[PDB]
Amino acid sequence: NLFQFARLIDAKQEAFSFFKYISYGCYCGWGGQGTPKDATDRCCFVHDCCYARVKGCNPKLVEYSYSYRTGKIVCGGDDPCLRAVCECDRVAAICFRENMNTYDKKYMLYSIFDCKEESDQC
């Protein structure tokens, strides 16, 4: 679930370093269209497009088991469905890390005059 996603994102970055994705660009949080605006945004796309691969269980209501050891989100769980999800948060959380420098507030809380493009499919 997204609680854990808020949690894993913070591990490489700082605590609460997630309010900036509640609504960022075309995909980070409220959104879902018009092709990315930058690296950051794509992680929010690749992450979206990741849950869709989840065969079986749902990603938003599913709590998985995980531990952050010496700077490595290790997904230690014996259920492929659940494990998967964790991995969508691990890969992404690591993504936004390195891409917090291409960051620009002018991609915050946006609408349909920036993401009306030819909506890239997963």
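Numbering starts at 1 and follows the sequence shown.
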| Of 64-72 and 30-38, the one with larger mean CA B-factor | 30-38
| Of the two stretches 6-14 and 107-115, which shows the higher Cα B-factor on average in the entry? | 107-115
| said: How does the C-alpha B factor of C86 compare with the rest of the chain: lowest, middle or highest third? | reply: middle
| note | Temperature factor at the Cα of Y51, chain-ranked in thirds, falls in the middle
| request: Within this chain's modelled residues, let me know which third the CA B factor of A92 belongs to: lowest, middle or highest. | output: lowest
